[PDB]
């Protein structure tokens, strides 16, 4: 028997037993909501909103088909932008710009509304990653520098396995230069400090020449830990972000330092998105329970994992808040943890963890809203040892929405969930991903549809490129994947998001955010390049790891984002006509070598990701590209690569035999790259029977058939196929 799920009858619903029991025995106790109340309300929401959800998806399909037909009816003609835009308007794709308004969201935590800094995104299915992300609010700058390529190993500065002082002295010097910039002394350089102490309410820095100095701006000093005359830490603030100079002259690093400094502790990942979507693989009730159970551990504060470090073992847990003494004897407490959002899945998928009264699968987005909000009640009512929101809000990221009617449906869904759970109206806040064309070109109206719930807008630029390719699939051959960043549309898309965010009053109430740095080991490059995100007026942007959060925090000390937003609020707004410029290749006269490099690079990226998704249920993998650069891959990069190959195939840039040959060749490369993993099974040489290879092949050769180019229908089907065959 194929795909087996044991269910029980719950009113008119059929609920997977594993999920029923998880909700009743783990999520519900401590919320003050009875299981009967919850399940009866859930069934009402499902029965009312599932038909609306289905009609929204039918509308996507209808519009894509009309666009397909529009280009087909104009095969071989030069693109007529004016006729295209009248068509998009007449069919209801491009809607009138929304009337002016200001967002009304209230009760937003400071990390979102009033601060600028990094935002970490991690798969919530991995409890170790989730724990580290919760704790990444504070990060060791010395560890981030010593451990990454920010500091070159040249000149005998190798990391090695111990503490290489040659390297460590470079780390220390980099950090002193940061201190000179972010907390300048009135005289001299932190490089010459011999002592940090507190006297008469001010930081006093003794220098090697025997004099003492204060800070140039003495108000940057806030508080300390330990004795004022010999503090263990001094707490500073700059651009709204905190950092500690940590002092211990008996520590291995401290005893090499004239002032005993052992580290600089940076306030780093202000917020974290615990992901249930593009970075996880969860295809059935068993997988979804694991997801929900980790979110539950975060919301109750008891998420914990045993880890082997040193020779022994200890239990990793969520860190407490941090306590400091002010010079007047009062106590100052800082949040010890990143403020958590949860990313629900979007409107597309259904799953068979719940069947409705007609035996149909229930939309997964509706389920996530019910279950993740139920679980968040543990935070809202204080049934937790680790508070998340201090304002009575839950922060849900809603991805992959197309246009303002779909934003209104999320607003409606969240209100219905609140009613089921007895939550005050607008408790459930929404982070709106701007990552689909129909949202971009209607963005102001999309925000307006959730104007009292909005807590962010963010340019998921990789999904957005995937939608760009699928939407104009029939128009012609698109440019190479690496050429997209220079096309007209994408710069206008990024600027539009900031312009609309500022014009709709998000400042002071929500984040205007930007995308993920996807090269986890190229931290020197990240430090060079990602300053562009705060310079663009985004008060947050995505990083892949706690280390990258610590390093990206340095950018917010170089750029005052809110002041930058004031400047950018004056510029001419981005043009929808630029956004409507389809990234078609001027001609298809690429060198045969150029074509081979594009096909091979996409084929490797697809296969390196898909094999781990299908065989191991891993939704986020680092995959070397054909230059051996390690790329962080999730479903959004798979969407781009599969859709580009489908597009080149559809327009005869490449042949099917060609794409198949490249996939087989790059599969062998992928197998080699994974050969040292004992849990890895190769794809070659039996490609016909290999589920993962067939999944990759389907996404490419049938890329034109996937709804808006989404990869989940194939991945979910094939992962379940693999799980069933192997007893997983």
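Numbering follows the first chain given and starts at 1.
K.L.:
Decide which of the stretches 249-257 and 229-237 has the higher mean C-alpha B-factor, going by the entry.
P.N.:
The stretch with the larger mean CA B-factor is 249-257.
K.L.:
Could you check the entry and say whether 362-370 or 596-604 has the higher mean CA B-factor?
P.N.:
Averaging CA B-factors over each stretch, the winner is 596-604.
K.L.:
Looking at 56, 49, 669, 27, which one carries the largest C-alpha B-factor according to the PDB entry?
P.N.:
Highest C-alpha B-factor among the listed options: 669.
K.L.:
Of the choices 335, 293, 429, 357, which one's C-alpha carries the largest B-factor in the record?
P.N.:
By C-alpha B-factor in the record, 357 ranks first.
K.L.:
Comparing residue 508 with the other modelled residues of its chain, is its CA B-factor in the lowest, middle or highest third?
P.N.:
Residue 508: CA B-factor falls in the middle third of its chain.
K.L.:
Residue 271's Cα B-factor: lowest, middle or highest third of the chain?
P.N.:
According to the entry, residue 271 has a C-alpha B-factor in the chain's lowest third.
K.L.:
Check where residue 93 lands among this chain's C-alpha B-factors and tell me if it's the lowest, middle or highest third.
P.N.:
Middle third, going by the recorded CA B-factors of the chain.
K.L.:
Would you mind checking where the Cα B-factor of residue 463 ranks among the modelled residues of its chain, as the lowest, middle or highest third?
P.N.:
CA B-factor rank for residue 463: middle third.
K.L.:
Among all modelled residues of this chain, ranked by Cα B factor, put residue 341 in the bottom, middle or top third, i.e. lowest, middle or highest.
P.N.:
Lowest third, going by the recorded CA B-factors of the chain.
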